[PDB]
Protein chains: 2
Amino acid sequence: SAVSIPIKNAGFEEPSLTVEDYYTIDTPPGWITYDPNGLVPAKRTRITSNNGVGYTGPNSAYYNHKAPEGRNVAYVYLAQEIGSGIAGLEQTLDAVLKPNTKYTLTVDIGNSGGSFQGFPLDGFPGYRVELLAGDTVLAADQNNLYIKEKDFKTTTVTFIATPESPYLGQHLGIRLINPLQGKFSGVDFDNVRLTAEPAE
Amino acid sequence: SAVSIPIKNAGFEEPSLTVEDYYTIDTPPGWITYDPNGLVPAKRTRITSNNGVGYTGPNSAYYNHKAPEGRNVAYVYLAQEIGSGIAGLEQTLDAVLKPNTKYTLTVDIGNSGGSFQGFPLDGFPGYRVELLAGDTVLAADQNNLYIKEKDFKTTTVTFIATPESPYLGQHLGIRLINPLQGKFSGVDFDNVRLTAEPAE
Ligand SMILES: CN1CCC/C1=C1\C=Nc2ccccc21
Ligand SMILES: CN1CCC/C1=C1\C=Nc2ccccc21
Ligand SMILES: CN1CCC/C1=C1\C=Nc2ccccc21
Ligand SMILES: CN1CCC/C1=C1\C=Nc2ccccc21
Ligand SMILES: [Ca+2]
Ligand SMILES: [Ca+2]
Ligand SMILES: [Ca+2]
Ligand SMILES: [Ca+2]
Ligand SMILES: [Mg+2]
Ligand SMILES: [Mg+2]
């Protein structure tokens, strides 16, 4: 029997947004911008690399169906050329890595489609989802799921920490990454969940 | 109906070894060493970081079962401390990245156990498996599978290339990586396969 690990703003439902297709351009509350190649400015515009939340409802321009969870999805957009690097959202959790524990990290990934002000949203930069302890990537999935235009799909990253793990006691983390491997170079995320259960 | 893509020395059966638990310390034929943090020297000894093939039959001291395929597995051993970097095995293939095609990379991963002349082999450095186009990681699995001591498990890495992919016409590649996330810091591979099939 699997226990949920608390995540802040796990569904990006904060801040609440009023109108369909509206969005913020500030880091979703409870999350941090992961920007190892310095592609995302502190003060963003609508044409810079940016991240935030977007109201995706039953009549979204960008997806067939509403947000997998609630009304909002998170998004990560990189303006720069392909190969310029990677960026995304990260959150350090209160839970620490425990031995003999199977961790299950699920998140829905969106390939926004259609168009914004005449600009085609066709194409996708890919995704990479990472479970961390300290500053170590313990386990990751990059692009194992194909995601159609205007669609979302759930991925699962799993990891088992042994008593021998050098990372026990270190704070867990979750990273949601735009690897900038295609244009249009926007990727969306929703419904982040992490569970712990006993393993052998 | 998936077509298999030709890989040199896919099963690490070259070179042909004849005695149980014997092993080479040179890069398997067909493959190059992947050594981006300079942990693996050009002239190796039995005590340096190294890679090679290893006869793994029904009597092996390191695995319960024989090699997943044939009588050899590949190994990648890193002598340096955890965190010192990553290394592994790489092979650029003939075949290139085609649009509307689903690639399935499967490879068996081995957690050597037991002991060698008293020295214990418990612990595991993790693994990462990469499908490449050119120098780009299209898709990857890092440590989604838990591998018990003395066991092998099969991982599957899948990727779909869309007609608007930037890497079409670049050579497919395979990387099998020891990310030095634990000790004993050896990891084994066997039975690499890559298939292609039409994809929506
Ligand atoms: C292309 N751009 C740059 C910033 C403005 C914009 C979008 C606005 N909403 C959007 C929803 C989906 C995709 C793009 C946008
Ligand atoms: C604001 N931006 C900039 C580019 C990407 C984007 C959105 C992505 N998904 C969304 C869903 C609803 C509203 C906006 C976006
Ligand atoms: C324990 N060490 C490091 C130095 C040499 C070595 C091994 C030799 N054969 C081996 C087979 C399996 C695992 C390790 C070794
Ligand atoms: C020779 N080495 C160096 C350290 C690791 C190792 C082996 C790993 N698996 C193996 C299977 C058969 C024989 C040797 C090894
Ligand atoms: Ca949501
Ligand atoms: Ca798209
Ligand atoms: Ca073999
Ligand atoms: Ca081991
Ligand atoms: Mg920045
Ligand atoms: Mg070297």
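Residues numbered from 1 in each chain as written, not as in the entry; some residues may be left out. Chains lettered and ligands numbered in written order. Heavy atoms only, no water.

- Method-wise, the PDB entry is recorded as coming from X-ray crystallography, at a reported resolution of 2.29 Å.

### Remarks on the packing of aromatic side chains
Working step 1: All told, the structure shown has eleven aromatic pairs over all chains when counted by the stated rule.
Working step 2: On the numbers, 6.0 Å between centres and 90 degrees between planes, the contact of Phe119(A) with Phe184(A) is edge-to-face. Taken together, the residues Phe119(A) in strand β8 (residues 119-120) and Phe184(A) in the loop between β12 (171-178) and β13 (186-198) connect sequence positions 65 residues apart.
Working step 3: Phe184(A) gets classed as buried once you look at its relative accessible area, which sits at 17%.
Working step 4: Both rings, one in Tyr77(B) and one in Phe184(B), keep their centres 5.3 Å apart while their planes meet at 20 degrees; by these two values the pair is stacked. Separated by 107 residues along the polypeptide, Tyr77(B) in strand β4 (residues 72-77) and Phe184(B) in the loop between β12 (171-178) and β13 (186-198) bring together distant segments of the chain.
Working step 5: Grouped by ring-pair contacts, the aromatic residues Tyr77(A), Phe119(A) and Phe184(A) constitute a single cluster. (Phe/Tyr/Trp six-rings, centres within 6.5 Å; stacked < 30°, edge-to-face > 60°. Helix = DSSP H or I, 4+ residues; strand = E, 2+ residues; numbered from the N terminus. Buried < 20%, exposed > 50% of the residue type's maximum accessible area, 1.4 Å probe, protein only.)

### Things to note about the coordination of the calcium ion (ligand 6)
Residues and elements named next belong to chain A.
Working step 1: The protein atoms that coordinate the calcium ion (ligand 6) are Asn 111 (OD1), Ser 112 (O), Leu 121 (O), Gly 123 (O), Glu 149 (OE) and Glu 149 (OE), at distances of 2.3 to 2.6 Å.
Working step 2: Given six donor atoms and angles of 51 to 170 degrees at the metal, the environment of the calcium ion (ligand 6) is assigned as irregular.
Working step 3: Taken in sequence order, the residues that donate to the calcium ion (ligand 6) follow the motif N-S-x8-L-x1-G-x25-E. Within this pair, whereas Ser 112 is found in the loop between β6 (101-111) and β7 (115-116), its partner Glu 149 is found in the loop between β10 (136-142) and β11 (151-161), the two being separated by 37 residues in sequence.
Working step 4: By relative accessible area, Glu 149 is classed as partly exposed at 24%. (Donors = N, O, S within 2.8 Å, 3.2 Å for Na, K, Ca; no water. Tetrahedral: all angles 85-135°; square planar, octahedral: opposite > 155°, others 65-115°.)

### Things to note about the UniProt feature "binding site: Ca(2+) 2" (unreviewed entry) in chain A
All names here are of chain A.
Working step 1: UniProt feature "binding site: Ca(2+) 2" (unreviewed entry): in the numbering of this structure it lies at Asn 111, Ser 112, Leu 121, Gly 123 and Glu 149. For the residues just named, distributed over 39 residues, the greatest C-alpha separation is only 8.8 Å, placing them together at one site.
Working step 2: By the secondary structure assignment, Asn 111 is in strand β6.
Working step 3: Setting aside anything within four residues of it in sequence, one finds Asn 111 in contact with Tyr 62, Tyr 63, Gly 123, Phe 124, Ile 147, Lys 148, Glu 149, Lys 150 and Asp 151. (UniProt positions renumbered as here; feature names shortened; annotations may be inferred. Contact = heavy atoms within 4.5 Å.)

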